[PDB]
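Chemist: The following block contains the structure, expressed as structure tokens.
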Amino acid sequence: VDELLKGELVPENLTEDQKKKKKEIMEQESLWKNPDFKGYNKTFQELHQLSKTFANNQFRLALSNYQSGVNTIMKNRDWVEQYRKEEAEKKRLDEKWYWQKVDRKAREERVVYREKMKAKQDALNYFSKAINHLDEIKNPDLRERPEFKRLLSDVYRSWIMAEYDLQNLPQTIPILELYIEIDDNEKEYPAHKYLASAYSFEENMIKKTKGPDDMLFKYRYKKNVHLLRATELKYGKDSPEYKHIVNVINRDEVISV
Amino acid sequence: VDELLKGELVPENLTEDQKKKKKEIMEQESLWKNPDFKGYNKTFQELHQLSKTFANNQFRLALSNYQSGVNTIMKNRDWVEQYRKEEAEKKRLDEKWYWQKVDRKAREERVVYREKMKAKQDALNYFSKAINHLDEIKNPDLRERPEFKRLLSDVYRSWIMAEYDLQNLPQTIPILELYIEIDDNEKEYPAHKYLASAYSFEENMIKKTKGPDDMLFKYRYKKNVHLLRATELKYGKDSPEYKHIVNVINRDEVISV
Amino acid sequence: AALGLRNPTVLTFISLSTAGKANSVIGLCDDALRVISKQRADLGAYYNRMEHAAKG
Amino acid sequence: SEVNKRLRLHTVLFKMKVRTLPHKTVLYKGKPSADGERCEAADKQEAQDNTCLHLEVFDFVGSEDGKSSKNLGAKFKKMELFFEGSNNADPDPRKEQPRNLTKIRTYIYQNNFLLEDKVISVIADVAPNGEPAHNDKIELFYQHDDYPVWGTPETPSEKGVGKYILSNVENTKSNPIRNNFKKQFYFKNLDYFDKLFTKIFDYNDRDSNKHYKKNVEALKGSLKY
């Protein structure tokens, strides 16, 4: 069941009465046909944003960027694999000591990490524009279609994974809570795994900067809940992993006796 | 069967239909004759590297270096034989002690060893240039011809023999492994004798510098594998010499009882 | 690489870890100084000429 | 032109799964719907019952001025190929004989939001093979600004408006409408779609060898210890 098979949100092409109604309106537009008309009042013209034609172009605008953003992620991995293969296939005629191998190995790792960060930034820019376009569709009905929820989650997912590598953990928390509200994305442990790692960073900053205890408990409480849910989705209840996490959470959290 | 008898990689000059295609393309370039043309984008021009004439020039470039580099080894041996001959022919009119002869003898051995290390480096420079020319051919079809495998193995063999004279054992390991994967070169015992020594040198340095045991086990294992393989290819299996090496390897390695 | 203290192909520089090697590095560093001195001679030569041209 | 023959060789895509597609391109397999005008998506794309290839390429209005994100409109050109009969029994798409072409359909769409100019051009050739000159079997549907309604034929009093056939169009020396339509537009429209089908097939075909190489490459990793 590929929602993105056709690459569109709502198809465009039946009542006899409506057919006559659409015909007489077309007569009026022929009388007032003025391609140079520019409405001083923008309210009437903006009603076109509620039409299916406007939403069809916005969906493909996001799809155009989503293809570009994911490609740069994939094209980088192609270059990452090729670069490792290329270096192992060239001859080191000025290398005889073990530390020289480590010195050469260090430079190769610097280049890979340097290029990966450049690729994660380019992909984030493309995914950022996709999020903007998918949020300017003002018709709630066109948002509930399976095609929309399929692309919306995909745009959110690849944006969070790319952003998280940029060490921008606090930024991903609001987006992740939007991801787990789309159909059955809540039943994914990776979504709760990222939230547990992201909320732990926020707790450290409050402790490091000696912030209020109220924000310390709130960021701590969200960490355990999303960590506990992540374990259950992957290992289930009454398992050796789940029992271990409860002791860690119970030890960390506050209990009243 | 001399692969390098003709001094080329692949000979170059049929179908009338193919002969007709070559006619129209050749006439197309007649109109667009411009020797001063320089392509801004090199991708189209870089495809010339796949042409047969490109490989013929690369092969004869590498072949030219091999002849010069091998000449350095041969000329050095000719002079060393000549230099030693002249030394015994000149009259020592001011020598009447045994210790004087030893000092005079030590002078010649210093001069000869001085010239050899000079000759090997000059030869090693040429063999390095030959290697680079062979590695800039990107046609796998032309990489399996008898002419190609003859020169690639001959260059490596003369390169490693020159490298080992300069006490550069650790550099020989990557070249040796690529040598034993061409035609039936793995059947040669000398190619396994140098592998035995090279992995023994790396065994000492890791032990001397108190490095990880993981690199020690890997280099020790490679030494025993190729030390035993070399004896098997020369003195044969189930031979008294082969029995002796099994005693050393079992003594040197780790056995779990 | 240009001064002769490094091999443009092998890419290995001079080493002193041997008594015999160190005796051969004295000779190389002498010709290394000759090239640096030769280059500074030309830069000084142009500068004096450029000085005269500006005055004229 | 022998171009229509080359569209027959593209019947291997029914048994070939589609995984790599060019930028802003849509392709799927399906079966004819009511009236055989178009294609309809199928729950399974690997089913041999399918006979329709639907290749769609979409762009954005104003991309020449760098104003794609301004949301000036939408446009896409798609070609649907219709075949007859079921496919071969073997599930291997590498070996497959060319199949005859029932009809070649061309679809053009362009909507300008600011100018409210919507143009829909549909071209269907129901006899792709059999005769070089079959102008009478080329339906030309030309709708402008939702006029005329879909399916309305061309009246003699209003020539060129609505569905008609290329035989009605004049091809005089003074007004070579047919010559310009074929030499400039129609031939290149077929060529653009023909290359795209081969390009998509070659990309997905090539991916098969890599996964076999991956297992071979991983097996070579056992020789290091």
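Naming works like this for the structure tokens: A, B, ... for the chains as they're shown, residue 1 at the start of each chain, ligands 1 onward in shown order.
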Give me, as a list in words, all polymer residues having an atom no more than 7 Å from residue 5 of chain C, counting only C-alpha atoms and skipping those fewer than 6 positions away in the same chain.

Modeler: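 The residues satisfying every condition are residues 13, 14 and 28 of chain C.
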
Chemist: Do a neighbour search on segment 86-95 of chain A at 10 Å with only C-alpha atoms, toss out local chain neighbours closer than 3 positions, and write the hits as a VMD selection string.

Modeler: (chain A and resid 79 to 83 98 to 101 104 to 105 108) or (chain B and resid 128 131 to 132 135 163 168 170 to 172 174 to 175) or (chain C and resid 7 9 to 13)

Chemist: Can you pull out every residue within 10 Å of residue 120 of chain D, counting only C-alpha atoms, but drop anything in the same chain fewer than 5 positions away, and send it as a PyMOL selection string?

Modeler: chain D and resi 75+77+107-111+141-147

Chemist: Once you count only C-alpha atoms, which residues of chain B turn out to be within 12 Å of chain D? Could you give them as a list in words?

Modeler: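 Going by the stated atoms only, the list reads residues 214, 215, 217, 218, 219, 221, 222 and 225 of chain B.
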
Chemist: I need the residues from that last selection saved to file as a short mmCIF file (atom, residue, chain, number, x, y, z; two decimals), in the first residue's frame (with C-alpha atoms), if you can.

Modeler:
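The result, written out as part_15.cif:
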data_model
loop_
_atom_site.label_atom_id
_atom_site.label_comp_id
_atom_site.auth_asym_id
_atom_site.auth_seq_id
_atom_site.Cartn_x
_atom_site.Cartn_y
_atom_site.Cartn_z
CA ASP B 214 46.11 -8.01 18.66
CA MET B 215 48.57 -6.66 16.09
CA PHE B 217 48.95 -12.15 17.01
CA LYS B 218 47.91 -11.05 13.51
CA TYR B 219 51.50 -10.49 12.35
CA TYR B 221 50.06 -15.72 12.42
CA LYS B 222 50.81 -14.30 8.97
CA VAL B 225 51.27 -19.18 7.48
#

Chemist: Do a neighbour search on segment 184-188 of chain D at 9 Å with only C-alpha atoms, toss out local chain neighbours closer than 4 positions, and write the hits as number ranges by chain.

Modeler: D: 1, 3, 179-180, 192-193

Chemist: Limited to N, CA, C and O atoms, could you put the picked residues into a file as a PDB file, in the first residue's frame?

Modeler:
ATOM      1  N   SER D   1       8.858   6.295 -39.015  1.00  0.00           N
ATOM      2  CA  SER D   1       9.899   6.750 -38.101  1.00  0.00           C
ATOM      3  C   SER D   1      10.467   5.591 -37.286  1.00  0.00           C
ATOM      4  O   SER D   1      11.542   5.708 -36.697  1.00  0.00           O
ATOM      5  N   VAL D   3       9.761   4.717 -34.534  1.00  0.00           N
ATOM      6  CA  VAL D   3       9.825   5.031 -33.111  1.00  0.00           C
ATOM      7  C   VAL D   3       8.825   4.187 -32.331  1.00  0.00           C
ATOM      8  O   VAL D   3       9.125   3.703 -31.233  1.00  0.00           O
ATOM      9  N   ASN D 179       2.624  19.241 -40.463  1.00  0.00           N
ATOM     10  CA  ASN D 179       4.073  19.081 -40.550  1.00  0.00           C
ATOM     11  C   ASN D 179       4.767  19.620 -39.306  1.00  0.00           C
ATOM     12  O   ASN D 179       5.679  18.982 -38.769  1.00  0.00           O
ATOM     13  N   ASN D 180       4.349  20.796 -38.833  1.00  0.00           N
ATOM     14  CA  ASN D 180       4.935  21.352 -37.618  1.00  0.00           C
ATOM     15  C   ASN D 180       4.578  20.512 -36.399  1.00  0.00           C
ATOM     16  O   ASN D 180       5.400  20.345 -35.490  1.00  0.00           O
ATOM     17  N   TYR D 192      11.280  11.658 -25.964  1.00  0.00           N
ATOM     18  CA  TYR D 192      11.558  11.961 -24.564  1.00  0.00           C
ATOM     19  C   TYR D 192      11.037  10.865 -23.646  1.00  0.00           C
ATOM     20  O   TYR D 192      11.721  10.461 -22.699  1.00  0.00           O
ATOM     21  N   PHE D 193       9.824  10.373 -23.903  1.00  0.00           N
ATOM     22  CA  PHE D 193       9.277   9.312 -23.065  1.00  0.00           C
ATOM     23  C   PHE D 193       9.955   7.975 -23.330  1.00  0.00           C
ATOM     24  O   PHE D 193      10.121   7.175 -22.403  1.00  0.00           O
TER      25      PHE D 193
END

Chemist: Let me make sure I understand: among A:96, A:118, A:75, A:60, which one has the smallest atom-to-atom distance to chain C if we use only C-alpha atoms?

Modeler: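 The answer is A:96, which sits nearest to chain C.
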
Chemist: Tell me which of B:245, B:176, B:196, B:228 sits closest to chain A, counting only C-alpha atoms.

Modeler: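 Closest residue, counting only C-alpha atoms: B:176.
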
Chemist: Taking the backbone alone, and naming residues the way the document does, which bits of segment 132-220 of chain B are alpha helix (DSSP H) by DSSP, as JSON, numbers by chain?

Modeler: {"B": [132, 133, 134, 146, 147, 148, 149, 150, 151, 152, 153, 154, 155, 156, 157, 158, 159, 160, 161, 162, 163, 164, 165, 169, 170, 171, 172, 173, 174, 175, 176, 177, 178, 179, 190, 191, 192, 193, 194, 195, 196, 197, 198, 199, 200, 201, 202, 203, 204, 205, 206, 207, 208, 213, 214, 215, 216, 217, 218, 219, 220]}

Chemist: Mind giving me the straight-line distance from atom CA of residue 254 of chain B to atom CA of residue 194 of chain B in Å, one decimal?

Modeler: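 One can read the atom CA of residue 254 of chain B to atom CA of residue 194 of chain B distance as 23.6 Å.
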
Chemist: Please identify all polymer residues within 9 Å of residue 13 of chain D, counting only C-alpha atoms, omitting same-chain residues fewer than 3 positions from it, and present them as a ChimeraX atom specification.

Modeler: /D:10,16-18,29,53,93,197,201

Chemist: Of the residues D:155, D:117, D:102, D:6, which is the one nearest to residue 30 of chain A, using only C-alpha atoms?

Modeler: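 Result for the nearest residue to residue 30 of chain A: D:117.
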
Chemist: Excluding residue 203 of chain D and any residue of its chain fewer than 6 positions from it, enumerate the residues within 10 Å of it, using only C-alpha atoms, and give them as number ranges by chain.

Modeler: D: 18-22

Chemist: Enumerate the residues of segment 76-163 of chain D with a DSSP assignment of strand (DSSP E), computed from the backbone, and present them as a ChimeraX atom specification.

Modeler: /D:76-83,101-112,117-125,138-144

Chemist: The selected residues should be written to file as a PDB file, in the first residue's frame (atoms: C-alpha atoms).

Modeler:
ATOM      1  CA  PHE D  76       2.937  17.777 -15.735  1.00  0.00           C
ATOM      2  CA  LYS D  77       3.190  15.741 -18.930  1.00  0.00           C
ATOM      3  CA  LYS D  78       2.415  12.025 -18.792  1.00  0.00           C
ATOM      4  CA  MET D  79       2.175   9.233 -21.356  1.00  0.00           C
ATOM      5  CA  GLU D  80       0.171   6.044 -20.819  1.00  0.00           C
ATOM      6  CA  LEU D  81       0.906   2.889 -22.820  1.00  0.00           C
ATOM      7  CA  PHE D  82      -1.795   0.237 -23.260  1.00  0.00           C
ATOM      8  CA  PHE D  83      -0.999  -3.390 -24.091  1.00  0.00           C
ATOM      9  CA  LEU D 101       0.731  -1.571 -28.721  1.00  0.00           C
ATOM     10  CA  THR D 102      -3.025  -1.185 -28.308  1.00  0.00           C
ATOM     11  CA  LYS D 103      -2.890   2.613 -28.049  1.00  0.00           C
ATOM     12  CA  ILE D 104      -0.467   5.404 -27.153  1.00  0.00           C
ATOM     13  CA  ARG D 105      -1.893   8.172 -24.962  1.00  0.00           C
ATOM     14  CA  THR D 106      -0.279  11.563 -24.325  1.00  0.00           C
ATOM     15  CA  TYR D 107      -1.442  13.958 -21.602  1.00  0.00           C
ATOM     16  CA  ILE D 108      -0.396  17.592 -21.102  1.00  0.00           C
ATOM     17  CA  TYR D 109      -1.359  19.819 -18.169  1.00  0.00           C
ATOM     18  CA  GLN D 110      -0.446  23.379 -17.198  1.00  0.00           C
ATOM     19  CA  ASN D 111      -2.276  25.598 -14.701  1.00  0.00           C
ATOM     20  CA  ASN D 112      -1.167  29.166 -13.976  1.00  0.00           C
ATOM     21  CA  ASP D 117      -4.906  30.008 -17.514  1.00  0.00           C
ATOM     22  CA  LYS D 118      -5.453  26.234 -17.509  1.00  0.00           C
ATOM     23  CA  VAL D 119      -4.641  24.223 -20.645  1.00  0.00           C
ATOM     24  CA  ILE D 120      -5.251  20.476 -20.977  1.00  0.00           C
ATOM     25  CA  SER D 121      -4.053  18.733 -24.149  1.00  0.00           C
ATOM     26  CA  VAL D 122      -4.716  15.003 -24.580  1.00  0.00           C
ATOM     27  CA  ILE D 123      -3.359  13.048 -27.554  1.00  0.00           C
ATOM     28  CA  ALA D 124      -4.259   9.389 -28.092  1.00  0.00           C
ATOM     29  CA  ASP D 125      -3.089   7.187 -30.974  1.00  0.00           C
ATOM     30  CA  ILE D 138      -5.188  10.190 -33.511  1.00  0.00           C
ATOM     31  CA  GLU D 139      -7.616  11.810 -31.074  1.00  0.00           C
ATOM     32  CA  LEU D 140      -6.713  15.413 -30.228  1.00  0.00           C
ATOM     33  CA  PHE D 141      -8.415  16.833 -27.132  1.00  0.00           C
ATOM     34  CA  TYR D 142      -7.767  20.539 -26.551  1.00  0.00           C
ATOM     35  CA  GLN D 143      -9.514  22.113 -23.554  1.00  0.00           C
ATOM     36  CA  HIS D 144      -8.844  25.723 -22.539  1.00  0.00           C
TER      37      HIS D 144
END

Chemist: Output as a PDB file with N, CA, C and O atoms, in the first residue's frame the set of chain B residues within 9 Å of chain C, with distances taken over only C-alpha atoms.

Modeler:
ATOM      1  N   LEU B 124      64.734   2.187  -7.504  1.00  0.00           N
ATOM      2  CA  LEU B 124      63.430   2.203  -6.848  1.00  0.00           C
ATOM      3  C   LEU B 124      62.599   3.400  -7.291  1.00  0.00           C
ATOM      4  O   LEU B 124      61.364   3.333  -7.314  1.00  0.00           O
ATOM      5  N   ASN B 125      63.254   4.511  -7.636  1.00  0.00           N
ATOM      6  CA  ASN B 125      62.524   5.656  -8.170  1.00  0.00           C
ATOM      7  C   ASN B 125      61.876   5.319  -9.506  1.00  0.00           C
ATOM      8  O   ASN B 125      60.720   5.682  -9.755  1.00  0.00           O
ATOM      9  N   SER B 128      58.912   2.909  -9.082  1.00  0.00           N
ATOM     10  CA  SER B 128      57.742   3.605  -8.558  1.00  0.00           C
ATOM     11  C   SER B 128      56.984   4.314  -9.672  1.00  0.00           C
ATOM     12  O   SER B 128      55.748   4.313  -9.691  1.00  0.00           O
ATOM     13  N   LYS B 129      57.710   4.929 -10.609  1.00  0.00           N
ATOM     14  CA  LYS B 129      57.058   5.585 -11.738  1.00  0.00           C
ATOM     15  C   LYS B 129      56.341   4.574 -12.622  1.00  0.00           C
ATOM     16  O   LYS B 129      55.255   4.853 -13.143  1.00  0.00           O
TER      17      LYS B 129
END

Chemist: Which residues, written as an MDAnalysis selection string, have at least one atom at most 10 Å from segment 33-44 of chain C, with only C-alpha atoms counted and residues fewer than 5 positions away on the same chain left out?

Modeler: chainID C and resid 2:4 28 49:50
